[PDB]
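[1] need coordinates for the below:
(one chain, ligands or ions: 6)
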Amino acid sequence: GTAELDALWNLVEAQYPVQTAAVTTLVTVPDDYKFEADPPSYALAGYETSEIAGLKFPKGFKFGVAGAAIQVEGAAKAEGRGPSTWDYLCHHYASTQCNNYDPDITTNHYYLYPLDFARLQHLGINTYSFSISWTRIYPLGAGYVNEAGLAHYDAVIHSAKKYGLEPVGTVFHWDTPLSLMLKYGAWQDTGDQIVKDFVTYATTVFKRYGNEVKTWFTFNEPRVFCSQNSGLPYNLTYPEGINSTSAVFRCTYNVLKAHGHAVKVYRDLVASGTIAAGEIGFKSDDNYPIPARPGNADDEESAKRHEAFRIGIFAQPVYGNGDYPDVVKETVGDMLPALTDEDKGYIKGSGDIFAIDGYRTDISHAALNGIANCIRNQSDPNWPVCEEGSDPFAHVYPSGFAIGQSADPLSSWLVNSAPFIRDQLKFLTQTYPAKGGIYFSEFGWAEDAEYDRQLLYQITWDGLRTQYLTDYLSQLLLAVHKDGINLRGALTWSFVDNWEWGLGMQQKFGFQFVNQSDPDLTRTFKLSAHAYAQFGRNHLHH
Ligand SMILES: *[C@@H]1O[C@H](CO)[C@@H](O[C@@H]2O[C@H](CO)[C@@H](O)[C@H](O)[C@H]2NC(C)=O)[C@H](O)[C@H]1NC(C)=O
Ligand SMILES: *[C@@H]1O[C@H](CO)[C@@H](O[C@@H]2O[C@H](CO)[C@@H](O)[C@H](O)[C@H]2NC(C)=O)[C@H](O)[C@H]1NC(C)=O
Ligand SMILES: *[C@@H]1O[C@H](CO)[C@@H](O[C@@H]2O[C@H](CO)[C@@H](O)[C@H](O)[C@H]2NC(C)=O)[C@H](O)[C@H]1NC(C)=O
Ligand SMILES: *[C@@H]1O[C@H](CO)[C@@H](O)[C@H](O)[C@H]1NC(C)=O
Ligand SMILES: *[C@H]1O[C@H](CO)[C@@H](O)[C@H](O)[C@@H]1O
Ligand SMILES: *[C@H]1O[C@H](CO)[C@@H](O)[C@H](O)[C@@H]1O
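    Numbering: from 1, shown residues only. Ligands and ions are numbered 1, 2, ... in the order given. Below is the structure:
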């Protein structure tokens, strides 16, 4: 075995070791598997608006679910895997950064996936979005490849297709290799080793899986990911010249570069016949907020600044003019490395598809102390967007009423803003056009205080999640037929209650309940799973 790997896990486990699940064997699905009974017929009867009666998504529409490796897999040390920055974080600062959880086991999907896939087939799901753990493939981020890790996802993809699930792959979903962070600061790299290391990793998984995975995302929510680089454990290892503010924009640049170069490799692999042709982009998130006071020039300005910093900083280089938005360049200056002409040749046009994690739409109130004042004060709490960023503004009209229903208060960024979906899709497809169209690549609900229920029947009738998914799907269906949006699919986050980063298993996003007090981590369908299934039955082509 490799010695540097052992040293890294010794480091990670210095205060407490990785916990091992009760099941560490690939489960097999018996042909006599009995699914729990359906909910009462009145639970969803006549539940959809009449406005969508008889409307169908286009043929081939990806009607599916989304997960991510470190959030659902567990098996943190199984079969050669090296540690990620989150393994380190939670094993060292669990009580302050991870809500006293860690991703050691989560839902144990690493071993339970055939059972998960059989349950998804029962619901008529036709698409399975997953991410690949970089450190299962290159346990040190770079150097030797872990064949056991490559073979694992071979079996996952094969099992998915056997159960009717088209696999959609994300190369990087926030699980930075700890080794690369320690060696040179990972995404804060002031050189370009992080790009070389990411591209080598991406090349390996494209070669191994590109004949069976034909829809790829390089990065999941790169704007959200790079803002995490301002905290632990990344700010233990900043290179000289980097602080927690400039770390975010050095990360932005390195990710844009890594994305462009990986897309270049992917296209080379397709053009050489090495792998089947597919489509590649990255997953955007956030939104173009509505101004708090329509027609007010300040709210309108802060709304666009929000869009520029939360979407445009990655989407304009890839799908637009090939450079950062001007309002970004003017505010952050030289903390953001400039895109050279050579850089732009890789990045511009490197997205066949757009994908939006369209959870919600916000409201933009211009900074009460003036946008012009805010912009110039890097220490202003609303810098650099210079809208009022706190919850009592971001979700609230001047009237004092919210834009919509709030979800669990620990995920206060999340609200049901279904009436605004069609406007977001129109803005995104006109501003960041992609030949392959647009995916609604994540959307989901954290039902308020669902973690405090003690009785299963109280959990499984999850009315506000059911409403949210049905509302959103209905608006997506209307975006296709009324607005002509080239919508390629809808993927809900998520199919199981899983490990939600710093909140751990407390926050429940699944349309299935995962019983974390049971050695088998038994899954149970919630009502929302059946609402999702029924919407697929009523509105997909068969
Ligand atoms: C590094 O990141 C951590 C977050 O993981 C930052 O923690 C903040 O620390 C300040 C100082 O005590 C507290 O006011 C904040 O509440 C902390 N935030 C969190 C989320 O714990 C830390 O500031 C960063 N260190 C820097 C910038 O040097
Ligand atoms: C982190 O680094 C940035 C620069 O990389 C610092 O911003 C500089 O701040 C000085 C002092 O006002 C200015 O002269 C420069 O104009 C700033 N650079 C910019 C904004 O482009 C930033 O202050 C550092 N942050 C902290 C808190 O250490
Ligand atoms: C830049 O923003 C910082 C943070 O808001 C401002 O610092 C505050 O100054 C106000 C003045 O009344 C005090 O009430 C706060 O105690 C200060 N807080 C901190 C953390 O410094 C600073 O005034 C702003 N500078 C400007 C407007 O140029
Ligand atoms: C979860 O499973 C445990 C152990 O079997 C059982 O104690 C508990 O009732 C279950 N909780 C549910 C279904 O909410
Ligand atoms: C859980 O426990 C096993 C021992 O059975 C270890 O191999 C693993 O690393 C984890 O500590
Ligand atoms: C999964 O791995 C664990 C590690 O301790 C074993 O105990 C178990 O028998 C299975 O092989």
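
[2] from ligand 5, how far off is residue 368?
    Look at residue 368 and ligand 5: by Cβ to the nearest ligand atom, to the nearest Å, they are 52 Å apart. C-beta here means a position set from N, CA and C on the backbone, and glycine is covered the same way.

[3] all strands for the stretch 151-300 of the chain, in order.
    With DSSP state E, counting those that start in this stretch, the ranges of strands along the stretch 151-300 of the chain come out as 166-172, 215-220, 279-285, 290-291.

[4] ranges for the helices of the stretch 351-500 of the chain?
    Counting by DSSP state H, counting those that start in this stretch, one finds helices in the stretch 351-500 of the chain at the ranges 371-375, 391-394, 421-431, 456-460, 463-483.

[5] save those as JSON lines, and put in mean neighbour count and distance to ligand 4 too.
    Formatted as JSON lines, the helices of the stretch 351-500 of the chain follow (neighbours: other Cβ atoms under 10 Å; distance: least, Cβ to the nearest ligand atom, whole Å):
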{"stretch": "helix 371-375", "mean neighbour count": "17", "distance to ligand 4": "47"}
{"stretch": "helix 391-394", "mean neighbour count": "16", "distance to ligand 4": "31"}
{"stretch": "helix 421-431", "mean neighbour count": "18", "distance to ligand 4": "33"}
{"stretch": "helix 456-460", "mean neighbour count": "14", "distance to ligand 4": "4"}
{"stretch": "helix 463-483", "mean neighbour count": "20", "distance to ligand 4": "17"}
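
[6] nearest to residue 244, out of these?
    Counting by Cβ to Cβ, residue 244 lies closest to helix 371-375 out of the helices of the stretch 351-500 of the chain; the figure is 19.2 Å.

[7] how close does whichever residue of the stretch 301-450 of the chain sits closest to ligand 3 get to residue 331?
    Residue of the stretch 301-450 of the chain nearest ligand 3, by Cβ to the nearest ligand atom: residue 377 (3.6 Å). Note on residue 377: its distance to residue 331, by Cβ to Cβ, to the nearest Å, is 11 Å.

[8] neighbour-wise, which of the two wins?
    residue 331 (21 against 14; other Cβ atoms under 10 Å).

[9] so that one sits right up against residue 382, yeah?
    No - contact criterion Cβ atoms under 8 Å: residue 331 and residue 382 do not qualify, at 11.8 Å.

[10] check contacts around residue 179.
    By Cβ atoms under 8 Å, 6 or more residues apart in numbering, residue 179 lies in contact with 4, 8, 82, 139-142.

[11] count the neighbours of the nearest residue to it once chain neighbours are set aside for me.
    Nearest residue to residue 179 in three dimensions, chain neighbours excluded: residue 140, at 4.1 Å (Cβ to Cβ, 6 or more residues apart in numbering). Look at residue 140: counted by other Cβ under 10 Å, it has 21 neighbours.

[12] and for residue 19?
    11.

[13] picking that back up, so which of the contacts of residue 179 sit within helices?
    Among the contacts of residue 179, the members falling in helices (DSSP state H) are 4, 8.

[14] need the buried ones from the contacts of residue 179 selected in PyMOL.
    The PyMOL selection below is limited to those of those classed as buried (16 or more other Cβ atoms under 10 Å):
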select buried, resi 8+82+139+140+141+142
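
[15] can you redo the contacts of residue 179 as JSON lines with distance to ligand 6?
    Formatted as JSON lines, the contacts of residue 179 follow (distance: Cβ to the nearest ligand atom, whole Å):
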{"residue": "4", "distance to ligand 6": "23"}
{"residue": "8", "distance to ligand 6": "20"}
{"residue": "82", "distance to ligand 6": "18"}
{"residue": "139", "distance to ligand 6": "18"}
{"residue": "140", "distance to ligand 6": "23"}
{"residue": "141", "distance to ligand 6": "25"}
{"residue": "142", "distance to ligand 6": "28"}
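
[16] report all helices and strands that the longest helix anywhere in the chain contacts.
    Under DSSP H, the helix in the chain containing the largest number of residues is helix 246-271. Contacts defined by 3 or more Cβ pairs under 8 Å, 6 or more residues apart in numbering; DSSP states H and E place helix 246-271 against helix 193-209, strand 215-220, helix 222-228, strand 279-285, helix 313-319, helix 341-347.

[17] and the second one, what other elements does it pack with?
    Right, strand 215-220. On a contact count with 3+ Cβ pairs under 8 Å, 6+ apart, strand 215-220 meets strand 166-172, helix 246-271, strand 279-285.

[18] in a markdown table: the ones you listed, plus distance to ligand 3.
    Output for the helices and strands packed on strand 215-220, formatted as a markdown table (distance: least, Cβ to the nearest ligand atom, whole Å):
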| stretch | distance to ligand 3 |
| --- | --- |
| strand 166-172 | 34 |
| helix 246-271 | 18 |
| strand 279-285 | 27 |
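
[19] mind checking the ones you listed for the one nearest to ligand 6?
    Smallest distance to ligand 6 across the helices and strands packed on strand 215-220 (Cβ to the nearest ligand atom): 25.5 Å, for strand 166-172.

[20] and the closest residue to ligand 2 within the stretch 301-450 of the chain, how many residues sit next to it?
    Here the stretch 301-450 of the chain gets closest to ligand 2 at one residue, residue 333, 3.8 Å apart by Cβ to the nearest ligand atom. Residues near residue 333, counting by other Cβ under 10 Å, number 10.

[21] against residue 119, how distant is it?
    In terms of Cβ to Cβ, residue 333 sits 51 Å off from residue 119.

[22] over to residue 105?
    19 Å.

[23] swap in residue 173?
    To residue 119, residue 173 is 22 Å away according to Cβ to Cβ.

[24] show me where the stretch 1-150 of the chain has strands.
    Assigned by DSSP E, counting those that start in this stretch, the stretch 1-150 of the chain shows strands spanning 62-66, 127-131.

[25] ditto for the stretch 401-542 of the chain
    438-440, 487-493, 512-514, 523-525.

[26] which one of these lies closest to residue 317?
    Taking these one by one with Cβ to Cβ, strand 438-440 is closest: 17.7 Å.

[27] cool, thanks, signing off.
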